Number of protein chains: 2
Amino acid sequence: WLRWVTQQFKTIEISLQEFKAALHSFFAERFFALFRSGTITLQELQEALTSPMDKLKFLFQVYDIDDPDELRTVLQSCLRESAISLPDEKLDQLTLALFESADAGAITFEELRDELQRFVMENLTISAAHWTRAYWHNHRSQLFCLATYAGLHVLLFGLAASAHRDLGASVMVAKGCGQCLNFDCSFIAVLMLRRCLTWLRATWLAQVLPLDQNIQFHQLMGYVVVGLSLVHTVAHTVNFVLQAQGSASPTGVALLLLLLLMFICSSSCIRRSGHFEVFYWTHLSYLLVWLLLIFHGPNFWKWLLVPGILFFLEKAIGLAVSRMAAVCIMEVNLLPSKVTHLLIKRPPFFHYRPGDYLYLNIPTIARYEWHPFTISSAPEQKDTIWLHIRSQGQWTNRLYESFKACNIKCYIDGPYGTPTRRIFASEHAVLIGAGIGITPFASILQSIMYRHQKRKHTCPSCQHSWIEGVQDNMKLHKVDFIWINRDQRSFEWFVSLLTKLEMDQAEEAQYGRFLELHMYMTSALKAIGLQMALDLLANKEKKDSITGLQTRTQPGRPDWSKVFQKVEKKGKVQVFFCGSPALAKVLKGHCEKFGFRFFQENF
Amino acid sequence: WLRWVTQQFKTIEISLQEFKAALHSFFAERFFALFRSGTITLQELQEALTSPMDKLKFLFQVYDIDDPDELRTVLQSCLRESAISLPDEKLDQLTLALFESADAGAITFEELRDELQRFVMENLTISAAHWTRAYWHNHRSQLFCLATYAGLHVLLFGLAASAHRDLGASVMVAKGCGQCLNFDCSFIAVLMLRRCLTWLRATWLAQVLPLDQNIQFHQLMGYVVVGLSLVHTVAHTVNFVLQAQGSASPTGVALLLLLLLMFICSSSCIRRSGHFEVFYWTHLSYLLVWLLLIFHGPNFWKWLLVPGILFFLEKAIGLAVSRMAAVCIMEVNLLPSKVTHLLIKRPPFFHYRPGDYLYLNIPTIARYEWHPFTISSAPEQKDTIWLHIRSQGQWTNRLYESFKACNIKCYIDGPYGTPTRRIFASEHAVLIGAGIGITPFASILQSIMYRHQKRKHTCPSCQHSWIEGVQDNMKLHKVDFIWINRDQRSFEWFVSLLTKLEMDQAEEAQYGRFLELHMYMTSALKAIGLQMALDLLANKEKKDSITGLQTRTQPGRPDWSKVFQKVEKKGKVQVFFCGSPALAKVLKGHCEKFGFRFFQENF
Ligand SMILES: Cc1cc2nc3c(=O)[nH]c(=O)nc-3n(C[C@H](O)[C@H](O)[C@H](O)COP(=O)(O)OP(=O)(O)OC[C@H]3O[C@@H](n4cnc5c(N)ncnc54)[C@H](O)[C@@H]3O)c2cc1C
Ligand SMILES: Cc1cc2nc3c(=O)[nH]c(=O)nc-3n(C[C@H](O)[C@H](O)[C@H](O)COP(=O)(O)OP(=O)(O)OC[C@H]3O[C@@H](n4cnc5c(N)ncnc54)[C@H](O)[C@@H]3O)c2cc1C
Ligand SMILES: NC(=O)c1ccc[n+]([C@@H]2O[C@H](COP(=O)([O-])OP(=O)(O)OC[C@H]3O[C@@H](n4cnc5c(N)ncnc54)[C@H](OP(=O)(O)O)[C@@H]3O)[C@@H](O)[C@H]2O)c1
Ligand SMILES: NC(=O)c1ccc[n+]([C@@H]2O[C@H](COP(=O)([O-])OP(=O)(O)OC[C@H]3O[C@@H](n4cnc5c(N)ncnc54)[C@H](OP(=O)(O)O)[C@@H]3O)[C@@H](O)[C@H]2O)c1
Ligand code: HEB
Ligand code: HEB
Ligand code: HEB
Ligand code: HEB
Ligand SMILES: CCCCCCCCCCCC
Ligand SMILES: CCCCCCCCCCCC
Ligand SMILES: CCCCCCCCCC
Ligand SMILES: CCCCCCCCCC
Ligand SMILES: [Zn+2]
């Protein structure tokens, strides 16, 4: 009640207030001025925080200044936090359309209220700001892996401790740290196999067990090896000093030097520099570490055997003939937001399902480094195979920098990935876009469009075109694309491709639509009447000015899930999603009531 | 010279002569009578063995008896060793056609000579009979596997012998036989894995190393295990008797009993009876043999480990969910020559390349027995998947007998086999039929015919049909089928299917032929003018009377290889064969001169 109002007042410097009000900013300054002479009196805040008619009148007063200034105000709003990256040339047309829709003098409060009610008023907002047990429980409810490693470490430490309890306070620590080190130095290698991980990635084992964070888990076990080796060294030295009142010590010293080298020369700072050769050559010293530790520990080979032989087999299966091939880059083009687009020539013998990935390796950038990239070209394209890479690290950033200022060697190794025959062998399989790996969705869309157009048979004689039914390739009659991601900051390639496919199939939607686009932001701006300008623009040119697409990029977080529940039926409809377990689980639980054979969280 | 004639006479009883002359036999008796009063005088043999005019006159005299009898003679010749299984109803038409072609009186020797010269005369023959270092070198020039096993056995026996030479004449034999037995009892199991063998079958390792005889090699090592175990037992007993002047002996006795049981109850005689359950249950005692031999030999577990764990993994990978599935037989039909044809319902999720195989298992016949069968139905058939089985053993014979006098459970386990994308992604890939596994060729032919007809697009509006080009499925323009096998004794299903496909595509050969058939026997009858009757019959009904097909089943062993060399070119022609290494090697060596990318001996 009144106490709540007092607390809100206590929660509350014009420039400081503007800065703290989530600034863009002429509109913000005008609103702050309209919010008297300028003071910290709580009456203005109470009035602002308190029917929709008053809010509409306040908004109308804020928009005006005493109505050509609205065009300048509209331009400022576009350049504001709305992130509307549009040219100023179209601003005149948008302002003219808005003035025509509003004035028909543009100072009429009643006209503004009617225009607002045409589309809202209840959502009277003028700001977006307010003015680790739960997270761990939520994340660990499906991970349950770090605790297992900790339990193994502790049980091994205790088991070695009970075996040397008689020795006094120094050698039992040594033995426990030692046994932990056999375990760690034996299995930190079996973590990383780039070959079998792909084979395991396409199974329910990968569905239940996370895989994509194996780099960070491997680095974490490297760190614990370093720490435990240091404490083991200190314990053995303090034991020797106590005894002070020839191969073991020198071999331990050599192992310590090797681990210190591998820790120093494999940190993030080294690979920040373009000395990938230095990192790889220093990091090839794992063989020397294993060889030294063989005849350093009495029973290290027992631990080393199984993972050692299995990793030796995994590395020995890779030859130039076995998987590798020589591919020459044909054309490379750089797109905005530091995304590089490659056009590698298709080898004569390469049949790949859509959505598969491959590992690229450019000798010029990194001589012996391999990174996975997802194919962004349809399998029906016989000329070139595309690859799309976003600069989210150093090596990709290195490629972008190098190509900033072509026939260079490239090596690709086969297609790998989950089979996509289930999507084509379905009826109205809707695809939901989430996460950062939305590259395979472009391949799937291109393949589906190509197969759809291949059945558009036209008779050359009488110029009659009749559509044949499904023929042994796909069984879909309609596909729905729904994209729910952080932004379109780096996916200009993907936006362009989806827009291209959309108006390529838009010429065929008069008799029946085949592809639907639902593009969401959930972070765009509602609270400011910027969409009023675009309302007329969308029908002015039959395409959104921000995208040049039939879809106008509607935001909305939960209403998208509700529409997914309310998604027309061309057959046994199926729902497929790809993202974090939270959103996928919510969508599945909502979808389970509707009786749909939906394999949600498929990725 | 004259000495050769004397030797030929020495190489030489009218009934006995007829029996030894490769009898069918009225024609044989007439020839023997025509060959005087009947004696062993060498003048008749000298005349017979010695221009084509004399041979033609002799043949004309033999055919006649003093010409309606020729029809009876023709019928006898058809029923003779020619193996012409044709009805007597068509004999009248054939005899009438032959008489019309010959007489126009049918006793004119000059007319017979002219008719023979029309088609021969130089190949004047009236008989087909004459009147292990080389084989081992030829076979072992590519096998080199039994010698390796013998060498391993001998080196192990010698190694154990040198380790116990001090012991007197009895225990060194024991130790050598023992070490040989660890080796044998460890690897006789790693021979047989029905899972990894399929994975290895599709590689060049299977191309160089034979695989299909693993049953017989496994049985041979079982036999040597039995023999060496018996001699080991005798040696240890004679050692103990010498010492005669408690777990080892009883465990050895138990192992001896188990091996004797497994030898007795797994012989051919037991499975000759329909007691497959008895064989399988008695043969499940290998686990007991291994368990007893673990704590019977001091160092048997070292040998047992790797093959034991690997076989345990191979058997543990097989579950009902993992590979197995429930399939109900829809229709079963029995064809002549003891071949059974099955029509099993296609499971909803089953995509298989043509030519793949599967393992059938009928609980009614054998509860826990598995045998591989090759799919004889095109992948484009969505209704049922075929299987063709020839009664070449007991279990198949058991199935034939049981179905001689349906909804029974059947279990299939996936498709396995070499990929066939290379055939479709080629130009004029000619297929050569040899060996006994010609079942996948029917699947390949059906798939190629179906894909060829799927591009025969006809406009419904104006009834105009235009053929489209190759579309992402195959790149062939012409396929040639050449069949060089022992007979058509059991392949009536395959003959019917190829004939069906041929006249299905015969309606499209006027503008361009798509499938060519070259059916050979190399064992049929030349020497007897039976083909004269069929010469008119072939054009009488546009189909051979023996087959009802455009092809008339031409024989000829080496001329087929010459024609394969002289095989028209619709693109980059490729040659594929399947059979024993001899014929395939000859065909490849002949083909290498022509510069054809032929992967001969592909099977
Ligand atoms: C199977 C797979 C396919 C991918 N496909 C694409 C794609 O098509 N387009 C795209 O823009 N991004 C893709 N990524 C994400 C990422 O951009 C790529 O893995 C890229 O190779 C990053 O390399 P980097 O040199 O920048 O890594 P770094 O900058 O050296 O490492 C930092 C980041 O890269 C990851 N990383 C580093 N090394 C590896 C490695 N060996 N394996 C996996 N992750 C590693 C780390 O987890 C971390 O997130 C994919 C990731 C995976 C696992
Ligand atoms: C991969 C493969 C696919 C085959 N496909 C066909 C087909 O489609 N049609 C056809 O008519 N024949 C086929 N055969 C040949 C043979 O007829 C089948 O293997 C059939 O299962 C014979 O079983 P059986 O009970 O008569 O064997 P048995 O009578 O018990 O054994 C005698 C013969 O069968 C073979 N044999 C026995 N057990 C096995 C086994 N477990 N694995 C392999 N061979 C064995 C022996 O080598 C010997 O030649 C195939 C063989 C193989 C290896
Ligand atoms: N290999 C992989 O697939 C992989 C690897 C690592 C992590 N991940 C996933 O990626 C996540 C990190 O990326 P993220 O947080 O951006 O994605 P996310 O966790 O998969 O999804 C959460 C985001 O989805 C959006 N969202 C929520 N409800 C929505 C609705 N009704 N309609 C539309 N969008 C809705 C929200 O806004 P925004 O759209 O603005 O974000 C929210 O931030 C991780 O939590 C994990 O789930 C995947
Ligand atoms: N899994 C397998 O693929 C498998 C397994 C075991 C054995 N095999 C092969 O099968 C063989 C046993 O069967 P097989 O001897 O009947 O076949 P084959 O050895 O493959 O072929 C030999 C036969 O080919 C025929 N032939 C020779 N020259 C010919 C020509 N120019 N044109 C047409 N035919 C010609 C001959 O008469 P016929 O046609 O009257 O025989 C000859 O008997 C083995 O030697 C081995 O090569 C294959
Ligand atoms: C035990 C031994 C060892 C150790 C000690 C280690 C230690 C370590 N680690 Fe290591 N790694 C290893 C073993 C190792 N490691 C190996 C072997 C490899 C290769 C890969 C695979 O395996 O696959 C690696 C790899 C690796 C990587 C990647 C590379 C590539 O990819 O190329 C990384 C990042 C790491 C990290 C690490 C670190 C940071 C450390 C320190 C702390 N590594
Ligand atoms: C690389 C990691 C590492 C390192 C760094 C080290 C370092 C060392 N080290 Fe060592 N160790 C080890 C690893 C190690 N290490 C282990 C793991 C063990 C346990 C045992 C085995 O392994 O077997 C030991 C153990 C050990 C021993 C023994 C114990 C028993 O036996 O129980 C000794 C004497 C030692 C010494 C040493 C020294 C003195 C040093 C410093 C110089 N070393
Ligand atoms: C070392 C142990 C052992 C031994 C002693 C034997 C001995 C023998 N073996 Fe034995 N097996 C065996 C181990 C064996 N095994 C096994 C484990 C099997 C199963 C199969 C597999 O592995 O996969 C058989 C299997 C078997 C078979 C097939 C069956 C089925 O498939 O189901 C046969 C035929 C035999 C034979 C034989 C004989 C005849 C003998 C006597 C001589 N084989
Ligand atoms: C199953 C097959 C078999 C059988 C049948 C047998 C049978 C027998 N066994 Fe014997 N063992 C054996 C297998 C055997 N086993 C072997 C493999 C050996 C070598 C050693 C091990 O294993 O480790 C022996 C060895 C042996 C020994 C020891 C020698 C050494 O240590 O060097 C003895 C004492 C015996 C006894 C015996 C007897 C007395 C008999 C008869 C009863 N074998
Ligand atoms: C910090 C996240 C830890 C995730 C651990 C991943 C474990 C991967 C196991 C791979 C087994 C082959
Ligand atoms: C009598 C013919 C002997 C053939 C030997 C075959 C050997 C098969 C080796 C299989 C290795 C997995
Ligand atoms: C035996 C001690 C293991 C410690 C593991 C701690 C993991 C921390 C992850 C941030
Ligand atoms: C150690 C003795 C091995 C004998 C092998 C003989 C093989 C014969 C194949 C017919
Ligand atoms: Zn037409």
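The count begins at 1 with the first shown residue.
Any Cβ shown, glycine's included, is placed from N, Cα and C.
Residues annotated as transmembrane segment in Swiss-Prot, with sequence analysis given as evidence: B:143-163 (among others).
Helix first, then strand, then coil: DSSP counts for the topological domain 'Extracellular' (B:164-170) stand at 0 helix, 0 strand, 7 coil. The topological domain 'Extracellular' annotation in Swiss-Prot covers B:164-170 (among others), and the record cites sequence analysis as its basis.
Sequence annotations record features per position, and here Swiss-Prot assigns transmembrane segment to B:171-193 (among others). Within the same chain, residues 152-153, 156-161, 163-165, 214, 217-218, 221-222, 224-225, 228-229, 231-232, 235-236, 239, 286, 289-290, 293, 297, 299-300, 303-304, 306-308, 310-311, 314 sit at least 6 positions outside the transmembrane segment (B:171-193) and bring their C-beta atoms closer than 8 Å to a C-beta of that stretch.
The DSSP breakdown of the topological domain 'Cytoplasmic' (B:194-221) into helical (H, G, I), extended (E, B) and coil residues amounts to 19 helix, 0 strand, 9 coil. The topological domain 'Cytoplasmic' annotation in Swiss-Prot covers B:194-221 (among others), and the record cites sequence analysis as its basis.
The transmembrane segment feature in Swiss-Prot is assigned to B:222-242 (among others); the stated evidence is sequence analysis. Residues 153, 170-171, 173-174, 177-178, 180-181, 184-185, 188, 249, 252, 255-256, 259, 262-263, 266 of the same chain, all 6+ positions outside the transmembrane segment (B:222-242), place their C-beta atoms under 8 angstroms from a C-beta of that stretch.
Cβ atoms under 8 Å from those of the topological domain 'Cytoplasmic' (B:265-275) belong to residues 222, 282-283, 394, 398 of the same chain, restricted to positions at least 6 beyond its ends. For B:265-275 (among others), the entry in Swiss-Prot reads topological domain 'Cytoplasmic', with the evidence type sequence analysis.
The transmembrane segment annotation in Swiss-Prot covers B:276-298 (among others) and rests on sequence analysis.
Look at Swiss-Prot and you will find B:299-315 (among others) tagged as topological domain 'Extracellular', backed by sequence analysis.
Taken from Swiss-Prot, the feature transmembrane segment applies to B:316-336 (among others).
Among residues of the same chain six or more beyond the transmembrane segment (B:429-449), those with a C-beta under 8 A of the stretch's C-beta atoms are 354-357, 374-381, 388, 417, 420, 422-423, 474, 476, 479-485, 491, 493-494, 497-498, 501, 504-505, 515, 564, 567, 573-580, 583-584, 587, 603. Summarising the annotation, Swiss-Prot assigns transmembrane segment to B:429-449 (among others).
Using a Cβ-Cβ cut-off under 8 Å and counting only residues 6 or more beyond its ends in the same chain, the topological domain 'Cytoplasmic' (B:194-221) has close neighbours at 143, 145, 149, 184, 187-188, 314, 317-318, 359, 370, 416-419, 601. Measuring straight across the break, from B:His24 to B:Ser25 at the CA atoms, gives 6 Å, with 3 residues left unbuilt in between. Chain break remark: 16 residues absent between B:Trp131 and B:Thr132, end-to-end distance 25 Å (Cα atoms, rounded to whole Å). Long-range neighbours of the topological domain 'Extracellular' (B:299-315) within the same chain, counting only residues 6 or more positions beyond its ends whose Cβ lies under 8 Å from a Cβ of the stretch, are 182-183, 185-187, 189-190, 193, 195-196, 290, 293. Across the topological domain 'Extracellular' (B:299-315), DSSP helix (H, G, I), strand (E, B) and coil residues number 16 helix, 0 strand, 1 coil. Broken down by DSSP into helix, strand and coil, the topological domain 'Cytoplasmic' (B:265-275) contains 5 helix, 0 strand, 6 coil.
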